[PDB]
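In the block that follows, a single chain appears as structure tokens, in the form deposited in one PDB entry.
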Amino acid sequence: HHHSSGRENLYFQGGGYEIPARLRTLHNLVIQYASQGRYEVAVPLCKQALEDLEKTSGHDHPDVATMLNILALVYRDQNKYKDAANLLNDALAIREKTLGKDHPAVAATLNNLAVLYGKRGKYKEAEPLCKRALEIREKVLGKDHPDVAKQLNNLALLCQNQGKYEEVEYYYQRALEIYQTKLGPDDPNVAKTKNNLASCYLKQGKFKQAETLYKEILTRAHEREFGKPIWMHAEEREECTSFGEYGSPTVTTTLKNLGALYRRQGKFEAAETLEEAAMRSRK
């Protein structure tokens, strides 16, 4: 019944209140079968809604673009990449024509082309599409909106795949700046963006800068519960009488990361500490 704002370009404005009930049902079935990956049913029904809609309002209409966008994504999941790119451009052309060059639906379609090219390793081609979507999101939502930040994270990983590390660090820091000011410092996106930037640092050999971000994430996590963390204990075990001295999903990964890093550093007692603490945090 409900759908993410990220897939809004696959749905009719508001209800679709004035869309004939037949075309509304036909749309819901296309969506339903495509979810189950049952493309035998999904495609004809889509081709039919497309045919039915072209008769009613012509090819250059927002609803044609909607059914094209749905179909284009079915073709992409079928690994029919060239066909998918064609429909999305056709859908882009219509949306530019009927809704404006800087409409949210346009940004959505560009983010679909960029994803398609990127997942096919055509990062250079994807990059401007992603940047146009970002210039649209800025215009519409404002330069400090969390959705503008979400977009920066996608652009930064697109640039990372091209080794453009100076642009990457900038985008990740701009996105972290937004998620820290516009959202809480204990918002999950803050830790997510930090791990992403830490990954970039790792590529570059900046192990110490990544170690810092892992520690920062693990500190605000502990300080939320009881304002020493697992890593201070790890560093204590690394350095080292009647009885012995016996002893969030975005955090469990950070523990796997810092454990991996300590191991990379050859700090094995500190590594085992976090590696064991990660296995515990998973279960």
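Take the two forms, superpose them, and find the largest set of C-alpha atoms that agree within 1.5 Å; that set is the rigid core. Position 1 is the first residue in the sequence shown; the rest follow in order.
Keep in mind that the form deposited in another entry is not shown, yet the notes after this line are about it.
In the core-superposed comparison between this form and the one not shown, the C-alpha atom of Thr66 has shifted by less than 2 angstroms. Superposed on the core, the two forms barely differ at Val41: its CA moves less than 2 Å between this form and the one not shown. Remark: with the core as the superposition reference, the CA shift of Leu50 between this form and the one not shown stays below 2 Å. One change in the other form concerns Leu23 and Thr66, whose Cα atoms lie at least 3 Å closer than in this form.
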